[PDB]
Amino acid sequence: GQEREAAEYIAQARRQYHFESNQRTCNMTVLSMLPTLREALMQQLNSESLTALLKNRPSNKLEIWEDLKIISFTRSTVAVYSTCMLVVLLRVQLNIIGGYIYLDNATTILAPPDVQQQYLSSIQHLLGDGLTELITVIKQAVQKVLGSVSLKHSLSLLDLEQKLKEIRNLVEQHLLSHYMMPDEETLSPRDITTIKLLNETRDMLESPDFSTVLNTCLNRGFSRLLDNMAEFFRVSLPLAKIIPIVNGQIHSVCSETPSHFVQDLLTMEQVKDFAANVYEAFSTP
């Protein structure tokens, strides 16, 4: 009757206030971490140093340019992957822990402040060892796709999309969850609970629903990479002219600013639906 309907209404309403609050937190955490992701990519894929050498009358000028060919494409390709992973991994973690935090409002507390801290600190991996492994793999893939391609080779916008698809296919069949968490290995009483949480996160990253939502974001991130570059094709350009167009994409793919790619992921209703389902699974007794 109406009593049951009121009961389900209040439960949903309660779940929804905490979920929404938790999305606001997650949105903040994503945007505060972006400059660190951006800094790590620039340091590990430093185009601007190679450029500096070229603007300084060097020998092996073509070795530097071939290096730039790889670094530029690698950096923009990795910028898209890591940004999408950043957003979706934080949605997972914050709604997994949010779920537990929601339930502890009912003797034994499952997720106290120290478990929350040690669990959330696992984001480390994506910005750390995971990112470097990701760079190594994308760099190899770019090296296979663009290695034998001349700097004079003129590429149309369609050719460039096709190179990007080839890079993607080498990467995504080399899952992507290996880059977001450290491997599980073959204790302290709240380290037990932390291990249970990291395992549940790993399982989630291997779920079809998670893989679906990450694929959506990736698709939209690479279309955007291409839309951004379309403005420079007004026709085909020499690959050497494409390098600096591609090289500069990191600044927009990893911008905190509104209307940029990260904010479109944060306001993308498909990722919210996925996050809401995570929170619900982990907040129900």
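For every residue, the number given is its place in the sequence shown, counted from 1.
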Item to check | residue 234 to residue 235: deposited residues without atomic coordinates | outcome: 10 or more
Item to check | Count class of deposited residues lacking coordinates, residue 174 to residue 175 | outcome: 10 or more
Next on the checklist: Regarding 149-157 and 87-95, which shows the higher C-alpha temperature factor on average in the entry?
Outcome noted: 149-157
Checklist entry - So 250-258 or 27-35, which one's hotter by mean CA B-factor in the entry? => result 250-258
Checklist outcome for this item: Scanning 72, 121, 211, 169 for peak Cα temperature factor in the entry gives 169
Checklist entry - If you check the C-alpha B-factor for each of 243, 45, 53, 217 in the entry, which is highest? => result 53
Item to check | Ranked against its chain, the third holding the CA B-factor of residue 108 | outcome: highest
Checklist entry - Considering only modelled residues of the same chain, in which third does the CA B-factor of residue 183 rank: lowest, middle or highest? => result highest
Checklist outcome for this item: Sorting the chain's modelled residues by C-alpha B-factor and splitting them into thirds places residue 137 in the middle
Checklist outcome for this item: Chain thirds by Cα B factor, record data; residue 202 belongs to the middle
Next on the checklist: Among the modelled residues of this chain, does the Cα B factor of residue 82 put it in the lowest, middle or highest third?
Outcome noted: lowest
